[PDB]
file data02.csv (CSV, C-alpha atoms)
chain,number,residue,atom,x,y,z
A,12,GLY,CA,4.5,17.2,-17.5
A,13,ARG,CA,3.6,13.5,-17.5
A,14,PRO,CA,5.5,13.0,-14.2
A,15,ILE,CA,3.6,15.0,-11.5
A,16,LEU,CA,3.6,15.2,-7.8
A,17,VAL,CA,0.3,15.2,-6.0
A,18,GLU,CA,-0.1,16.3,-2.4
A,19,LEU,CA,-3.1,15.0,-0.6
A,20,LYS,CA,-5.2,16.7,2.1
A,21,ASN,CA,-4.0,13.9,4.4
A,22,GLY,CA,-0.4,15.0,4.0
A,23,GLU,CA,0.8,12.2,1.7
A,24,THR,CA,2.4,12.9,-1.6
A,25,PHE,CA,2.2,10.7,-4.8
A,26,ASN,CA,4.9,11.1,-7.4
A,27,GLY,CA,4.1,9.3,-10.6
A,28,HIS,CA,3.3,9.4,-14.3
A,29,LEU,CA,-0.1,10.9,-15.2
A,30,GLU,CA,-2.3,8.4,-17.0
A,31,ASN,CA,-5.7,10.1,-16.8
A,32,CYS,CA,-7.4,13.1,-15.4
A,33,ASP,CA,-11.0,14.3,-15.6
A,34,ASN,CA,-12.7,17.7,-15.2
A,35,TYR,CA,-13.1,17.0,-11.4
A,36,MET,CA,-9.3,16.3,-11.1
A,37,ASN,CA,-9.9,12.6,-10.3
A,38,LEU,CA,-6.7,11.2,-11.7
A,39,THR,CA,-4.6,8.1,-12.2
A,40,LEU,CA,-0.9,7.8,-11.7
A,41,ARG,CA,1.4,4.9,-12.7
A,42,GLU,CA,4.8,3.8,-11.3
A,43,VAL,CA,4.2,5.8,-8.2
A,44,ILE,CA,6.3,6.9,-5.2
A,45,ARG,CA,4.1,7.4,-2.2
A,46,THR,CA,5.7,9.5,0.6
A,47,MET,CA,4.1,9.6,4.1
A,48,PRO,CA,4.1,12.7,6.3
A,49,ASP,CA,6.6,10.9,8.6
A,50,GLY,CA,9.1,10.5,5.8
A,51,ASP,CA,8.6,6.8,5.0
A,52,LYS,CA,8.2,6.0,1.3
A,53,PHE,CA,6.8,3.2,-0.9
A,54,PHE,CA,8.3,2.9,-4.4
A,55,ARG,CA,6.9,1.5,-7.7
A,56,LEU,CA,3.2,1.3,-6.9
A,57,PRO,CA,1.9,0.1,-10.2
A,58,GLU,CA,-1.2,2.4,-10.3
A,59,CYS,CA,-3.0,4.8,-8.0
A,60,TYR,CA,-6.3,6.5,-8.5
A,61,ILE,CA,-6.8,9.8,-6.6
A,62,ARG,CA,-10.1,11.7,-6.2
A,63,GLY,CA,-10.0,15.4,-6.9
A,64,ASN,CA,-11.7,16.0,-3.6
A,65,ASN,CA,-8.7,14.5,-1.8
A,66,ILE,CA,-6.1,16.6,-3.4
A,67,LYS,CA,-4.5,19.7,-1.9
A,68,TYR,CA,-2.3,20.6,-4.7
A,69,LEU,CA,-0.4,19.2,-7.7
A,70,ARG,CA,3.0,20.2,-8.9
A,71,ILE,CA,4.4,19.6,-12.4
B,12,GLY,CA,21.2,-11.1,7.3
B,13,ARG,CA,19.9,-9.6,4.0
B,14,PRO,CA,16.3,-10.6,4.8
B,15,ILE,CA,15.2,-8.7,7.9
B,16,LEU,CA,12.0,-7.9,9.7
B,17,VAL,CA,11.4,-4.3,10.8
B,18,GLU,CA,8.8,-3.4,13.3
B,19,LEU,CA,7.6,0.2,13.2
B,20,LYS,CA,6.4,2.3,16.1
B,21,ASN,CA,3.0,2.3,14.5
B,22,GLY,CA,2.8,-1.5,14.9
B,23,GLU,CA,3.3,-2.5,11.3
B,24,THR,CA,6.1,-4.9,10.3
B,25,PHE,CA,8.0,-4.9,7.1
B,26,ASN,CA,9.7,-8.1,6.0
B,27,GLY,CA,12.1,-7.8,3.1
B,28,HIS,CA,15.7,-7.8,1.7
B,29,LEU,CA,18.0,-5.1,3.0
B,30,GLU,CA,19.3,-2.8,0.3
B,31,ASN,CA,20.7,0.1,2.3
B,32,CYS,CA,21.1,1.4,5.8
B,33,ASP,CA,22.7,4.5,7.1
B,34,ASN,CA,24.1,5.6,10.5
B,35,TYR,CA,20.7,6.8,11.5
B,36,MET,CA,19.0,3.5,10.6
B,37,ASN,CA,17.2,5.0,7.6
B,38,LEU,CA,16.9,2.0,5.4
B,39,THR,CA,15.6,0.5,2.2
B,40,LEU,CA,14.0,-2.9,1.8
B,41,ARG,CA,13.1,-4.7,-1.4
B,42,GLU,CA,10.4,-7.3,-2.2
B,43,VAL,CA,8.7,-6.6,1.0
B,44,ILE,CA,5.8,-8.1,3.0
B,45,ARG,CA,3.9,-5.5,5.0
B,46,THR,CA,1.9,-6.8,8.0
B,47,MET,CA,-0.7,-4.6,9.7
B,48,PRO,CA,-1.4,-4.7,13.4
B,49,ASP,CA,-4.9,-6.2,12.6
B,50,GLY,CA,-3.2,-9.1,10.7
B,51,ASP,CA,-3.8,-8.1,7.1
B,52,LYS,CA,-0.8,-8.3,4.8
B,53,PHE,CA,0.4,-6.9,1.5
B,54,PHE,CA,3.0,-9.0,-0.4
B,55,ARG,CA,5.6,-8.1,-3.0
B,56,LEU,CA,6.0,-4.3,-2.4
B,57,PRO,CA,8.9,-3.6,-4.7
B,58,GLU,CA,10.7,-1.2,-2.4
B,59,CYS,CA,10.1,0.6,0.9
B,60,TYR,CA,12.2,3.3,2.6
B,61,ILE,CA,11.9,3.5,6.3
B,62,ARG,CA,13.2,6.3,8.6
B,63,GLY,CA,15.2,5.3,11.6
B,64,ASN,CA,13.0,7.5,13.7
B,65,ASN,CA,10.0,5.3,12.8
B,66,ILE,CA,11.5,2.0,13.8
B,67,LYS,CA,10.9,0.2,17.0
B,68,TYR,CA,13.1,-2.8,16.4
B,69,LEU,CA,14.7,-4.8,13.7
B,70,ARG,CA,15.1,-8.6,13.8
B,71,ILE,CA,17.5,-10.6,11.6
C,12,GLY,CA,-16.6,-17.5,-8.0
C,13,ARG,CA,-12.9,-16.5,-8.1
C,14,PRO,CA,-13.2,-12.7,-8.4
C,15,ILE,CA,-14.7,-11.5,-5.2
C,16,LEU,CA,-15.2,-8.2,-3.4
C,17,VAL,CA,-14.3,-8.0,0.2
C,18,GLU,CA,-15.5,-5.1,2.4
C,19,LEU,CA,-13.5,-4.7,5.6
C,20,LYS,CA,-14.8,-3.4,8.9
C,21,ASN,CA,-12.5,-0.3,8.4
C,22,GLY,CA,-14.6,0.5,5.3
C,23,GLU,CA,-12.0,-0.4,2.6
C,24,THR,CA,-12.9,-2.8,-0.1
C,25,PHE,CA,-10.6,-5.3,-1.8
C,26,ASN,CA,-11.5,-6.6,-5.3
C,27,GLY,CA,-9.4,-9.5,-6.5
C,28,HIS,CA,-9.1,-13.2,-7.4
C,29,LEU,CA,-9.6,-15.6,-4.6
C,30,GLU,CA,-6.5,-17.8,-3.9
C,31,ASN,CA,-7.3,-19.3,-0.5
C,32,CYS,CA,-9.9,-19.2,2.3
C,33,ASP,CA,-10.0,-21.1,5.6
C,34,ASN,CA,-12.7,-22.0,8.0
C,35,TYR,CA,-12.2,-18.8,9.8
C,36,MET,CA,-12.5,-16.7,6.7
C,37,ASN,CA,-8.9,-15.7,6.6
C,38,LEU,CA,-8.3,-15.3,2.9
C,39,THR,CA,-5.8,-14.5,0.2
C,40,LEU,CA,-6.6,-12.4,-2.9
C,41,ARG,CA,-4.4,-11.8,-6.0
C,42,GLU,CA,-4.3,-8.9,-8.5
C,43,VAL,CA,-6.3,-6.7,-6.2
C,44,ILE,CA,-8.0,-3.4,-6.4
C,45,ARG,CA,-8.1,-1.6,-3.0
C,46,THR,CA,-10.7,1.1,-2.6
C,47,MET,CA,-10.5,3.6,0.3
C,48,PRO,CA,-13.6,5.0,2.0
C,49,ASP,CA,-12.7,8.4,0.5
C,50,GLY,CA,-12.8,6.9,-3.0
C,51,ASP,CA,-9.1,6.7,-3.7
C,52,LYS,CA,-8.0,3.4,-5.2
C,53,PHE,CA,-4.8,1.3,-5.6
C,54,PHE,CA,-4.7,-1.1,-8.5
C,55,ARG,CA,-2.8,-4.3,-9.2
C,56,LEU,CA,-1.7,-5.2,-5.6
C,57,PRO,CA,0.0,-8.6,-6.3
C,58,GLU,CA,-1.4,-10.3,-3.2
C,59,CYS,CA,-3.3,-9.4,0.0
C,60,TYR,CA,-4.1,-11.5,3.0
C,61,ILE,CA,-7.1,-10.6,5.0
C,62,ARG,CA,-8.1,-11.9,8.4
C,63,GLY,CA,-11.7,-13.2,8.9
C,64,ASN,CA,-12.0,-11.0,12.0
C,65,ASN,CA,-11.5,-7.9,9.8
C,66,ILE,CA,-14.1,-8.6,7.2
C,67,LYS,CA,-17.6,-7.1,7.3
C,68,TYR,CA,-18.9,-8.9,4.2
C,69,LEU,CA,-17.9,-10.5,0.9
C,70,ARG,CA,-19.7,-10.4,-2.4
C,71,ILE,CA,-19.3,-12.8,-5.3
call {"tool": "encode", "arguments": {"input": "data02.csv", "output": "structure tokens"}}
result
Amino acid sequence: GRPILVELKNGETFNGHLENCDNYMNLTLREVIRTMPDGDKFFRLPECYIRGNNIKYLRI
Amino acid sequence: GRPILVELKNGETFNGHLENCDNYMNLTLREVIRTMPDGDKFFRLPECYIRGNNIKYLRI
Amino acid sequence: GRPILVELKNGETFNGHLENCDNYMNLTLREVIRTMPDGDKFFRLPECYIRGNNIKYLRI
């Protein structure tokens, strides 16, 4: 799966296309939908980098 | 009004063009300017979805 | 310099090309990389406005 959904420890989720990932799960997503715990969303974030340490889980 | 300004309960404002609104005031804005309570702004957010429950008021 | 790095009092940094600055250090950056204290980043923010009162320091 290039499109993945990443849930952060802070409760946010990022839904985007996987561009890079390293052995520590630091990763980059493109064309991202960011969903807040309160239900608000932001669409079409060009690119987001997420530290492996900040991730709760990832679903493909 | 297609361009509207939405002020959230968390103090942020979103200024963009109205794309959709439902009977619960869940709405979508495009080409949005987001203003933080501390004055910082982010321009040209492609699309934001805001839950009616998170809105304080809307100005047209 | 046009590319500058702005560190905010809230610990975030904004790395982008300087568009405007005023005598109070309210400024505008374009094509910006926003880095969070926890190491997550957002790339290619079209434009950000930052209030002088929110800035800790600026590096060119």
call {"tool": "atom_distance", "arguments": {"input": "data02.csv", "atom1": "CA of residue 53 (chain C)", "atom2": "CA of residue 38 (chain A)"}}
result
11.8 Å
call {"tool": "interface_residues", "arguments": {"input": "data02.csv", "of": "chain A", "to": "chain C", "cutoff": "9 Å", "atoms": "all atoms listed in the file", "output": "VMD selection string"}}
result
chain A and resid 37 56 to 62 64 to 65
call {"tool": "residues_around", "arguments": {"input": "data02.csv", "residues": "region 25-27 of chain C", "least_positions_apart": "6", "cutoff": "6 Å", "atoms": "all atoms listed in the file", "output": "list in words"}}
result
residues 14, 15, 16, 17, 40, 41, 42, 43, 44 and 45 of chain C
call {"tool": "write_last_selection", "arguments": {"input": "data02.csv", "atoms": "C-alpha atoms", "output": "PDB file, keeping the file's coordinate frame"}}
result
ATOM      1  CA  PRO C  14     -13.200 -12.700  -8.400  1.00  0.00           C
ATOM      2  CA  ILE C  15     -14.700 -11.500  -5.200  1.00  0.00           C
ATOM      3  CA  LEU C  16     -15.200  -8.200  -3.400  1.00  0.00           C
ATOM      4  CA  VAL C  17     -14.300  -8.000   0.200  1.00  0.00           C
ATOM      5  CA  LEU C  40      -6.600 -12.400  -2.900  1.00  0.00           C
ATOM      6  CA  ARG C  41      -4.400 -11.800  -6.000  1.00  0.00           C
ATOM      7  CA  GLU C  42      -4.300  -8.900  -8.500  1.00  0.00           C
ATOM      8  CA  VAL C  43      -6.300  -6.700  -6.200  1.00  0.00           C
ATOM      9  CA  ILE C  44      -8.000  -3.400  -6.400  1.00  0.00           C
ATOM     10  CA  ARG C  45      -8.100  -1.600  -3.000  1.00  0.00           C
TER      11      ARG C  45
END
call {"tool": "atom_distance", "arguments": {"input": "data02.csv", "atom1": "CA of residue 35 (chain C)", "atom2": "CA of residue 63 (chain C)"}}
result
5.7 Å
call {"tool": "closest_residue", "arguments": {"input": "data02.csv", "among": "A:39, A:22, A:30, A:12", "to": "residue 67 (chain A)", "atoms": "only C-alpha atoms"}}
result
A:22
call {"tool": "atom_distance", "arguments": {"input": "data02.csv", "atom1": "CA of residue 29 (chain B)", "atom2": "CA of residue 69 (chain B)"}}
result
11.2 Å
call {"tool": "closest_residue", "arguments": {"input": "data02.csv", "among": "B:48, B:21, B:28, B:13", "to": "residue 68 (chain B)", "atoms": "all atoms listed in the file"}}
result
B:21
call {"tool": "build_atoms", "arguments": {"input": "data02.csv", "residues": "region 23-59 of chain C", "atoms": "N, CA and C atoms", "output": "compact mmCIF listing (two decimals), in the coordinates of the input"}}
result
# COMPACT_ATOMS: atom_id res chain seq x y z
N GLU C 23 -12.72 -0.14 3.91
CA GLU C 23 -12.00 -0.40 2.60
C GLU C 23 -12.65 -1.58 1.94
N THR C 24 -12.51 -1.64 0.62
CA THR C 24 -12.90 -2.80 -0.10
C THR C 24 -11.71 -3.34 -0.95
N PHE C 25 -11.65 -4.67 -1.08
CA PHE C 25 -10.60 -5.30 -1.80
C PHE C 25 -11.29 -6.20 -2.89
N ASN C 26 -10.96 -5.92 -4.13
CA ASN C 26 -11.50 -6.60 -5.30
C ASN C 26 -10.46 -7.37 -5.98
N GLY C 27 -10.49 -8.70 -5.88
CA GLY C 27 -9.40 -9.50 -6.50
C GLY C 27 -9.76 -10.97 -6.63
N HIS C 28 -8.81 -11.76 -7.11
CA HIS C 28 -9.10 -13.20 -7.40
C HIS C 28 -8.74 -14.05 -6.21
N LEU C 29 -9.71 -14.84 -5.76
CA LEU C 29 -9.60 -15.60 -4.60
C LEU C 29 -8.52 -16.75 -4.74
N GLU C 30 -7.55 -16.79 -3.83
CA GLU C 30 -6.50 -17.80 -3.90
C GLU C 30 -6.64 -18.80 -2.78
N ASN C 31 -7.13 -18.36 -1.63
CA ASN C 31 -7.30 -19.30 -0.50
C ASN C 31 -8.28 -18.72 0.50
N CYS C 32 -8.96 -19.62 1.19
CA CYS C 32 -9.90 -19.20 2.30
C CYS C 32 -9.89 -20.38 3.27
N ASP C 33 -9.98 -20.05 4.55
CA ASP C 33 -10.00 -21.10 5.60
C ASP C 33 -11.27 -20.97 6.39
N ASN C 34 -11.47 -21.92 7.29
CA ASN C 34 -12.70 -22.00 8.00
C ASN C 34 -12.96 -20.90 8.95
N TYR C 35 -12.01 -19.97 8.99
CA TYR C 35 -12.20 -18.80 9.80
C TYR C 35 -12.36 -17.55 8.96
N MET C 36 -12.38 -17.77 7.65
CA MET C 36 -12.50 -16.70 6.70
C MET C 36 -11.29 -15.81 6.57
N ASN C 37 -10.14 -16.34 6.98
CA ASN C 37 -8.90 -15.70 6.60
C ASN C 37 -8.62 -16.06 5.19
N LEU C 38 -8.41 -15.05 4.33
CA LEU C 38 -8.30 -15.30 2.90
C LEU C 38 -7.15 -14.58 2.20
N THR C 39 -6.79 -15.07 1.02
CA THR C 39 -5.80 -14.50 0.20
C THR C 39 -6.38 -14.11 -1.16
N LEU C 40 -6.14 -12.88 -1.62
CA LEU C 40 -6.60 -12.40 -2.90
C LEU C 40 -5.37 -12.02 -3.74
N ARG C 41 -5.46 -12.20 -5.06
CA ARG C 41 -4.40 -11.80 -6.00
C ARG C 41 -4.89 -10.77 -7.00
N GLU C 42 -3.95 -9.96 -7.49
CA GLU C 42 -4.30 -8.90 -8.50
C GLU C 42 -5.39 -8.06 -7.97
N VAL C 43 -5.17 -7.36 -6.87
CA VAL C 43 -6.30 -6.70 -6.20
C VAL C 43 -6.40 -5.21 -6.35
N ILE C 44 -7.64 -4.77 -6.38
CA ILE C 44 -8.00 -3.40 -6.40
C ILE C 44 -8.45 -3.00 -4.97
N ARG C 45 -7.71 -2.13 -4.32
CA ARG C 45 -8.10 -1.60 -3.00
C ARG C 45 -8.71 -0.24 -3.12
N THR C 46 -9.92 -0.11 -2.58
CA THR C 46 -10.70 1.10 -2.60
C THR C 46 -10.79 1.63 -1.18
N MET C 47 -10.44 2.89 -0.98
CA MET C 47 -10.50 3.60 0.30
C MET C 47 -11.91 4.14 0.50
N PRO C 48 -12.33 4.37 1.75
CA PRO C 48 -13.60 5.00 2.00
C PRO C 48 -13.74 6.36 1.32
N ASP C 49 -12.62 7.06 1.16
CA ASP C 49 -12.70 8.40 0.50
C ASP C 49 -12.65 8.32 -1.02
N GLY C 50 -12.71 7.11 -1.58
CA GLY C 50 -12.80 6.90 -3.00
C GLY C 50 -11.51 6.73 -3.77
N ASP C 51 -10.38 7.01 -3.13
CA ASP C 51 -9.10 6.70 -3.70
C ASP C 51 -8.93 5.20 -3.91
N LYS C 52 -8.22 4.78 -4.95
CA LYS C 52 -8.00 3.40 -5.20
C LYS C 52 -6.51 3.08 -5.50
N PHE C 53 -6.10 1.85 -5.20
CA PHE C 53 -4.80 1.30 -5.60
C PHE C 53 -5.04 0.04 -6.42
N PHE C 54 -4.50 0.00 -7.63
CA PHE C 54 -4.70 -1.10 -8.50
C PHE C 54 -3.54 -2.07 -8.52
N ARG C 55 -3.82 -3.31 -8.90
CA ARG C 55 -2.80 -4.30 -9.20
C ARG C 55 -1.90 -4.64 -7.98
N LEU C 56 -2.48 -4.73 -6.79
CA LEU C 56 -1.70 -5.20 -5.60
C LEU C 56 -1.53 -6.71 -5.92
N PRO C 57 -0.28 -7.18 -5.91
CA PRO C 57 0.00 -8.60 -6.30
C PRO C 57 -0.79 -9.55 -5.41
N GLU C 58 -0.80 -9.35 -4.10
CA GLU C 58 -1.40 -10.30 -3.20
C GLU C 58 -1.70 -9.66 -1.84
N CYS C 59 -2.89 -9.92 -1.31
CA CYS C 59 -3.30 -9.40 0.00
C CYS C 59 -3.87 -10.53 0.82
